[PDB]
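**Student:** Got a structure here, written out as C-alpha cells. Questions coming.
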Amino acid sequence: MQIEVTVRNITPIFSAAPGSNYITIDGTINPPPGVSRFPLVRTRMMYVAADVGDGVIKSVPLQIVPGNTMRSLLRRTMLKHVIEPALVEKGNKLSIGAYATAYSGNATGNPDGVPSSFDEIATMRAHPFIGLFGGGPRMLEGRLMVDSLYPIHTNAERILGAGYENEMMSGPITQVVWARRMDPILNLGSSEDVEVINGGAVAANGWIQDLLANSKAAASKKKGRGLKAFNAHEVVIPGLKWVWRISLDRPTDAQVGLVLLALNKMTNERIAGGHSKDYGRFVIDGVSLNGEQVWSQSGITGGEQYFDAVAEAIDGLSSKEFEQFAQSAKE
Amino acid sequence: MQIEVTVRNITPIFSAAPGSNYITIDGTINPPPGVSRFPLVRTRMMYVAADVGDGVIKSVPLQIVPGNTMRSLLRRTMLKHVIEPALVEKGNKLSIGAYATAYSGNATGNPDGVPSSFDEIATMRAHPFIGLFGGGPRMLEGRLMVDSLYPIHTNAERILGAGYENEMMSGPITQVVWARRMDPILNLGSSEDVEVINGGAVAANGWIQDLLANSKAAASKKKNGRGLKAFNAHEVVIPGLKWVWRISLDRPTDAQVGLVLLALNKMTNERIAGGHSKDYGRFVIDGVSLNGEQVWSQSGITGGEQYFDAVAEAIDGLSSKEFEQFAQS
Amino acid sequence: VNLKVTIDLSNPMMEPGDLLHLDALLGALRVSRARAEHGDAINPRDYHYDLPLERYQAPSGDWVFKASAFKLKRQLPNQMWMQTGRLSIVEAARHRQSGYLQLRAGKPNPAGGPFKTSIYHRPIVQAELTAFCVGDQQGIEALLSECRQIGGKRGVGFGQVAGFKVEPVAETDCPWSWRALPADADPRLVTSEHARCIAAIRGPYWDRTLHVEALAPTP
Amino acid sequence: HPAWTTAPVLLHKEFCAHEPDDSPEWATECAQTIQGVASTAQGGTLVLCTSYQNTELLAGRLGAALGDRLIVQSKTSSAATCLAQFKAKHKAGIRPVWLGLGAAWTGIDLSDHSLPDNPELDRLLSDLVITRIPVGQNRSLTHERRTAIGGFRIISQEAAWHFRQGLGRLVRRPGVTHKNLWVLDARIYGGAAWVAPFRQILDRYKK
Amino acid sequence: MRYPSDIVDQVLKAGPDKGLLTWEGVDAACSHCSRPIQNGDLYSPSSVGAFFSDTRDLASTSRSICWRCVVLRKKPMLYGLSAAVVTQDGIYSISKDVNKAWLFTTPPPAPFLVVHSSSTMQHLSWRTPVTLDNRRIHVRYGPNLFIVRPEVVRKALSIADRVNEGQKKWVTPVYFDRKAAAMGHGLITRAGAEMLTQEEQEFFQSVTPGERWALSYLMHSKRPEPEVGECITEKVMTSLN
DNA sequence: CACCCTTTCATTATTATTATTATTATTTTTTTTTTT
Ligand SMILES: [Zn+2]
C-alpha cells in the first residue's frame, strides 16, 4: 500500500545509541582525555548521503528512530489495541511461547532450520497479523516492511524525493539534556523529615558516614557506588516533522487495514524511549495511502475496504493460527 | 546492448556477509580476545584496486550488493510483474521443473544432463525469458548479464572510470546499526496484560524462573537453551547513495530488451539485498542509459517503443509450454 | 610473430581452479564472433579451432594451440566469494495456493531438491594476466577487443577487462609451453612445473569426455 | 537540449585571473581581457557584468580605450535603449561592445531580423563574455524566504539558472556559425567545489 | 587408474548390480564417470532423484550412468569415501591432520584419487580427476575442484617453521580456513605481515586455492608430522557388502 | 508407476580477524513589469 505517515513529535525523541560516549560540562561531544567528562547517551544516528553545497555529496549524521524500533512499536500498538482485545473478548488464549512469538517474533532463540509447509506459509501470510510479522521458529518472511523514522530535514533530501521541500528543517537538530540524580538523604533536614526511616537520625547519619567514606575511597582511587550520578543524554528536539514509510508486498486488505487500525491507535503511544521523561509522544499529521492523503484530525476517514476487511478478519481471529505459528518442529 | 541503471537507495543497503564478525560496544570491529565483544554480520564488501590519491592502485574496501542477488532481483521482478500477470491471464500453470527453471534456474526438474538440440537452443535463446536466464538441466547460456550494484564512490572510481566523478561519494560508506530483541515476558506487568496467557500469572512466573535459572547456569558456565534477549549488530550501507547497475545483453532479441525495460519500469516495488523487516533496500531509479543515451523518466521508460512493442507481442505470445519444454525433455 | 598478451581487468575475476589456456579464451571469442555472424543456431565445434594461432603437433597426433595458460600477477590480496542459490519459498507458497505452480509436495527441503538453499565459496583474484603464444597479431587484437570480461561466472558480473595490450617478444623470451599438452609432447617444452594429470589440451577444457593423460602446469 | 544550440559556440580558455571583488585591479585586468576580445571580434560583443559597481568600474577602464564603440547600461541607460543602440551600431558597420546587466542577462533577442532566411550570415552577437558567475542576482521576498529555507542550494541553483539564461543569448536559431563564448570568472578555473555546477554546462562545449 | 570409476574395479572389487542395461549404438561418455560406455558395457538410465545437486559437475548429457558410477553413487560409497585417500593398493583415510600431512608431504607413489567432504556427504567420488603424477594433485572438496602441489606445500611448511624458530608461542603467518569459506581465507596475518618477506608474501598469494585449503589442515599450532592413514578399504568393502 | 517422505555416515579439532580509526562552519546587493 506504500503508506507514508508524517508524525510531529511534541516532546523530545530519545532512541539511545549504544556505545561509550562522553561530554564535557560545556557541551562538546566526546572530548580529548584529561578533561572532566560525563557520560552521554546519544540519540540514534544514521549516516546519510546528502547534498551539502552543490554536488559535494557527503555522509552527514541524521538523527532517526530505527526501523526495527518503530516496527516493534507498530506491532505492539496493533497487538495491544486490536489483536489481544479481540482475542480476549472471546475465550481464546495464548501460550507463553505463542505470546513470545506474537511479540518477539520467536518463542525462544535457537531456531529450527526445518522449514514449514506451503499450505502453512500461505495461511500465515494470509493471516492479518502473522503475515505482517512473519516470525515463528521456522522463519517466515513477513509482508510488513517498516522504515526508520526520518526527520523532514535538509540532510534527508535524497531520502525524500519531492513534496517535502516545504515544512523541512535544517542545521543542528539535537539538544543535550542533563540529569542530576541527587542523593535523597542529603536533602534531609529535620526530625520531622526523618521519622519514616527506620531508626531516624542514626540510620541517616550512618548512610552519611558511608557516603563520606566512599568519597575518601574515590579520592584515594583518583589520587560500591553512590546515588549521585550527574550525566547527560542527547535527544532530538521536539516539534520536528518526521516521515515513516510502511511497505506491504501484495497485502491482503485485512492486513493493511490492521496497519491502518494500528495507526488509529498510533496516538497516545511512545516512539523511542525516555519513558520517565515523557519522551516520544507525537501527533500524526499525515497518512498517505498510495500517495493519497487519508488522515483527518478525527481519524482516517478513508481506506474503508481495508477497514471492513480487517474488521471481518478480527472477528475471524482466533488462537489456533498463533499456536500453530509458535509450534516448533523440533519441540 | 548495455543498460546503465543509476539508482538511489531511499533506505539503507544490507547485503549480509559471511563470517562471525565481532564488534565492541563502541565501533571497533573484530577486537582482540579478552574484551567484551558482540556478534556482527556486516554488509558484503570486496577489496578493489583503486587508483585513489596517487598513481598506484591499492586494495580499498567497497561495499556493494553481489551481482547474483541483482540478477535474481531482475529475474523475480520480471516473474512477478510480467510473467505472473500475462501467464495468469492465459490460464497456464507451471510444473516442478518449469517453476524451478523460471524462478531458481536449477536443474531439479531432471537432475541429469539434458541433451539439447540446436533448434531448441536457438528458439529458447530467442525466447525472451529463457534467453535472459537460461540454466537448469538444459544448461542454457544466459543472454542477460548483470553487473553488481557499484556505488558512485572513490573506491569504485576506476570501475566507473569516465563520467562519474560528479556526484561521487568519498570517505566511510557503512555504519553499524544495532538491534536488540528482548524478552516480552519481561515487558509485561499488569493483571490486564497477563489474562491473555494460557496459565496466566503462573505461566509467566514459570517463564521468569526459567530465565533466572538459565542466567545462573550461564554465569556459572562462563567462570544450551537460550532465552529471548539478543543484542547484536549489523553493518549497513548508508542510504541516499547512488549505485550504478550494468546490464549487458549479448546479442539480444528485441523482446528481451523490452522485458528488461518492463522490469526496470516495475522494479520500484521491490527491494535489494534483503533486510525486509528493517525495510532495507528501498530505492528509487535516478537514470537508465540504454547504450549510453538516457531513457528513464520519473513515470517509467519514455522511449524504446520498439522494445515495448516487441515485448508486448511476446507476452501476448507467452505460454508455459515453452517453460515445460525448457524444463523436462 | 611470437607475442605476449597482458590483460588488466576492472572488477576482480574468479581465481581459475585449473590453468586456463589463452587459446580457450580466443576460441570462445571466435565462437561468439560466429554467433554474431552466422546466427545463434550454429555448432560451436566448427569455429572453436578457427583461430589466429599456430599449431604445435605432438609426435603421435595430439595437436595443441601455440598458446599458454594465463599467469597471474596479483595487485590485490586473494579473497573468497560466497554465493547462494535459494529458491524463494514464500513466492512458491503463493504460487502453489494460486495454482500457477503445480508441485504435489507441501514441504520444501533446504538440504536438496527445488528449494535447496546452497552456499558456495569460490576464490577471487584481481591481477594482471600474462600469456605467451605464437600467432599473428591483428586477429588476436580484434578478438580481445571483442572480449569484455575474463574469468568464470560472468553472468554475475565478474572480471570485466579494463584493457589489454598485445605485443611481440623474442623467441626465447616466451615459454608458451606453460600449458596443458599431451604427455608425448617434446621434452624441451615440459618443465619441472608440468606434471601428468587427467587434463584437457584443447577446445572445451571442461569437457570431461575428451579428457586424457596430459602434462599440465598448475595455476 | 539539441546539439545545434552548442555546436556553433566557440569556447576560449583565455580568462581574467583576478576574481571579481569590485576591486580596481580586477577591473583593469578584466578590461584588458575585454579589449582583447573586442580586438579579435569581427562583430558585436556583449560582456555581461553582474553589479552596477562592476559595470561602472569596467566603463571607467574601457571608455577611453574603446572610444565610440563602448555602450554602457546604467541607472540612466535602460536595456532597451542600449538594445536599439547595439542594433544601430551593427547597422552602421562598426563593432559595438556592450557592458550589459539586468535584463541583458535574461530575455533579450540578439538575433538579426534583417537576416530572416539566412542564419549563416547572422552577425549581431559574435562574442559573448561572462565576467562573473551571476550569484545573488535575485533578491525578491519569496526567493529570500526560499533561500532561508533551503540554504545555499537555492542560491547556487538560481545562479546556475541565471548563468544558463546568460549563456542562452548566443544561439537563438540553428544555422549560425563561429559564435564566441568567454568566461572570465577565476572560480571557473579554480579547484573550488561550490562552483561545480557551472562546470557541467561549460562541459557541454568543447575546445 | 585413468578414470575415477577405476576405483570400483581395480580397488574395491565389485560387480554390476545386474538390473543394468547393456549399451547399444554409437558410444557416449557416462554422465558421472566421464568414462565412455562402450557396446557390451553395463549402464543404468540416469535415475537421479530430485535431491541430486551435482548436475552441474556432470561430464556429459548422455543421461547414462556407467555401472562403476552406480556403485560410486551408493550411499556407503558416499559416506565411506567422504574422508579417504585412494591408491592402487587400497584406500587410506585423510581425516587425520597427520593423514593430510602425509598426503601433501611425501605422498604415496601410486595414481591415487583424493576426495574430501565439505558437508555430511555429497557426490564427489565421480567428479574428481585421477592424479597420475604425485606433483600435481586433484582434490575434491565439497563441490569445488582443487590442485595441490606437494613441493609448494612442503616449501610453505619450511617457511612456517623458519619464521617460527626460536619463539615460544606458535603464531601462524597467514590465516587459512579449514572450510575454505571465510573471506579472510588466504589473507596474511599482521604478525605474518611483519614476519613475511616481500617474495614470501607474493609466493603465499601465488599458491593455488587447494594449497590454501591444504595448508589450513597442517598450518595450526601443533604442526602435524606426516603419518600414514589407517586402512579404510576393508571397512568400505564391509559397508558396501 | 512416478512422486513424497524419513533417517544413516564422519570425528576434524583450533579458531587468525580490516587495527582500519569515528559527528562542521559558503554569497551577497538587482531595478523589473504592463495588473486592480
Ligand atoms: Zn558411469
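Chains as they are written, first to last, in the working numbering: chain F, 66 to 396; chain Y, 4 to 332; chain H, 27 to 245; chain X, 251 to 457; chain L, 40 to 280.
Ideal Cβ positions, reconstructed from N, Cα and C, are used throughout, including at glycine.
Would you tell me roughly how many angstroms separate the C-alpha atoms of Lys-96(Y) and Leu-129(H), rounded to the nearest one?
**Tutor:** Rounded to whole angstroms, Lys-96(Y) to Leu-129(H) spans 10 Å at the Cα level.
**Student:** Using the Cα positions of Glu-408(X) and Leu-225(F), report the straight-line distance between them to the nearest angstrom.
**Tutor:** Roughly 22 Å between the two C-alpha positions.
**Student:** Do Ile-16(Y) and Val-287(Y) have their CB atoms nearer than 8 Å?
**Tutor:** No, they are not a contact pair.
**Student:** I believe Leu-326(F) touches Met-143(F) by the beta-carbon criterion, under 8 Å. Please report the beta-carbon distance rounded to the nearest angstrom.
**Tutor:** With 8 Å as the limit, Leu-326(F) and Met-143(F) qualify as a contact, their Cβ atoms being about 7 Å apart.
**Student:** Inspect the beta-carbon positions of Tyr-256(L) and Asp-136(L) and report whether they are closer than 8 Å.
**Tutor:** It is a contact, given that the beta carbons lie within the stated cut-off.
**Student:** Tell me which same chain residues have a C-beta within less than 6 Å of the C-beta of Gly-181(L), skipping the five on either side of it?
**Tutor:** Within the same chain, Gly-181(L) has close Cβ partners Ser-157.
**Student:** Taking 7 Å as the cut-off, is the C-beta of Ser-164(L) nearer than that to any heavy atom in ligand 1?
**Tutor:** No, ligand 1 has no heavy atom inside 7 Å of this Cβ.
**Student:** For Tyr-215(F), which beta-bridge partners are listed by DSSP?
**Tutor:** Beta-bridge pairing links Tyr-215(F) to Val-308(F).
**Student:** Would the beta-carbon of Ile-104(L) be found less than 7 Å away from any heavy atom of ligand 1?
**Tutor:** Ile-104(L): yes, Cβ under 7 Å from ligand 1.
**Student:** Beta carbon of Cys-108(L): closer than 7 Å to some heavy atom of ligand 1?
**Tutor:** Yes, the beta carbon of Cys-108(L) sits closer than 7 Å to at least one heavy atom of ligand 1.
**Student:** May I have the straight-line CA-CA distance separating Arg-166(L) from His-177(L), to the nearest angstrom?
**Tutor:** Computed Cα separation, rounded: 10 Å.
**Student:** At a CB-CB cut-off below 9 Å, which residues of chain H make contact with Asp-184(F)?
**Tutor:** Per Cβ cutoff of 9 Å: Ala-119, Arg-122, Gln-123 and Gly-132.
**Student:** Tell me which residue opens and which closes the alpha helix (DSSP H) that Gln-335(X) is part of.
**Tutor:** From DSSP, the alpha helix (DSSP H) with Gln-335(X) extends over 329-341.
**Student:** So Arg-74(Y) and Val-182(H) are supposed to be a Cβ contact under 8 Å. How far apart are they, rounded?
**Tutor:** With a Cβ gap of about 6 Å, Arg-74(Y) and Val-182(H) count as contacting.
**Student:** For ligand 1, is there a heavy atom less than 7 Å away from the beta-carbon of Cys-223(H)?
**Tutor:** No - ligand 1 has no heavy atom lying nearer than 7 Å to the Cβ of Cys-223(H).
**Student:** Shorter than 8 Å from the beta carbon of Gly-108(Y) to some beta carbon of chain L?
**Tutor:** Chain L, which has no Cβ nearer than 8 Å to the Cβ of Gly-108(Y), makes this no.
**Student:** According to DSSP, which residues form a beta bridge with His-177(L)?
**Tutor:** Its beta-bridge partners are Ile-186(L).
**Student:** With a threshold of 7 Å (Cβ to nearest heavy atom), would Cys-159(H) be considered close to ligand 1?
**Tutor:** The answer is no for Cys-159(H).
**Student:** Can you find a heavy atom of ligand 1 that lies under 7 Å from the Cβ of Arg-41(L)?
**Tutor:** No; taking the cut-off as 7 Å, the Cβ of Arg-41(L) has no heavy atom of ligand 1 nearer than that.
**Student:** Quick check: the Cα distance between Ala-253(L) and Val-187(L), rounded to an integer number of angstroms?
**Tutor:** The alpha-carbon atoms of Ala-253(L) and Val-187(L) are separated by roughly 7 Å.
**Student:** May I ask you to check if the CB of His-71(L) is nearer than 7 Å to at least one heavy atom of ligand 1?
**Tutor:** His-71(L) Cβ: within cutoff of ligand 1.
**Student:** What do you get for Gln-303(X), buried or exposed, if any count of 16 or more other CB atoms within 10 angstroms of its CB means buried?
**Tutor:** Exposed, because fewer than 16 other Cβ atoms sit within 10 Å of the Cβ of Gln-303(X).
**Student:** Of all the CB atoms in chain L, is at least one closer than 8 Å to the CB of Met-106(H)?
**Tutor:** Chain L contact via Cβ: present.
**Student:** Applying the 10 Å Cβ sphere with the 16-neighbour rule, what's the burial state of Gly-228(F)?
**Tutor:** Exposed, by the Cβ-count rule.
**Student:** When you compare each of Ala-267(X), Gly-418(X) and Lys-341(X) to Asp-435(X) by their alpha carbons, which one comes out closest?
**Tutor:** For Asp-435(X), the nearest C-alpha among the options comes from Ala-267(X).
**Student:** Note down, in chain order, each residue of its chain lying with its Cβ closer than 8 Å to the Cβ of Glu-266(L), except the 5 sequence neighbours on either side.
**Tutor:** Result list for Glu-266(L): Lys-135, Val-137, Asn-138, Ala-140 and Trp-141, in chain order.
**Student:** Any heavy atom of ligand 1 closer than 7 Å to the beta-carbon of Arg-74(L)?
**Tutor:** Yes, the Cβ of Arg-74(L) comes within 7 Å of a heavy atom of ligand 1.
**Student:** Quick one: is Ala-268(F) buried, meaning 16 or more other Cβ sit within 10 Å of its Cβ, or exposed?
**Tutor:** Classification of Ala-268(F): exposed, given that the 10 Å Cβ count is below 16.
**Student:** Can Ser-99(L) be considered in contact with ligand 1, in the sense that its beta carbon sits closer than 7 Å to one or more heavy atoms?
**Tutor:** No, the Cβ of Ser-99(L) stays beyond 7 Å of every heavy atom of ligand 1.
**Student:** Can you give me, in chain order, the residues of the segment 189-221 of chain H that have a beta carbon less than 9 Å from any beta carbon in chain F?
**Tutor:** Answer in chain order: no residues at all.
**Student:** On the DSSP bridge list, what partners appear for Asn-430(X)?
**Tutor:** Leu-260(X) and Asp-377(X).
**Student:** Comparing C-alpha positions only, which one of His-340(X), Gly-400(X), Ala-277(X) and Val-385(X) sits nearest to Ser-376(X)?
**Tutor:** The shortest Cα separation from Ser-376(X) among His-340(X), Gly-400(X), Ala-277(X) and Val-385(X) belongs to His-340(X).
**Student:** Can you give the Cα-Cα distance for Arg-47(Y) and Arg-78(Y), rounded to whole angstroms?
**Tutor:** When rounded, the distance between both Cα atoms is 21 Å.
**Student:** Can you pull out the residues from the segment 78-109 of chain Y whose beta carbon lies closer than 9 Å to at least one beta carbon of chain H?
**Tutor:** If the cut-off is 9 Å between Cβ atoms, the segment 78-109 of chain Y has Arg-79, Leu-82, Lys-83, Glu-87, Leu-90, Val-91, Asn-95, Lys-96, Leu-97, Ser-98, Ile-99, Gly-100, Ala-101, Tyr-102, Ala-103, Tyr-106, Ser-107, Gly-108 and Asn-109 near chain H.
**Student:** According to a CB-to-CB cut-off of less than 9 Å, which residues of the segment 69-89 of chain H neighbour chain Y?
**Tutor:** Result list: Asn-69.
**Student:** Cβ closer than 8 Å: which chain X residues qualify as neighbours of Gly-120(F)?
**Tutor:** Simply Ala-443, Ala-446 and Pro-447.
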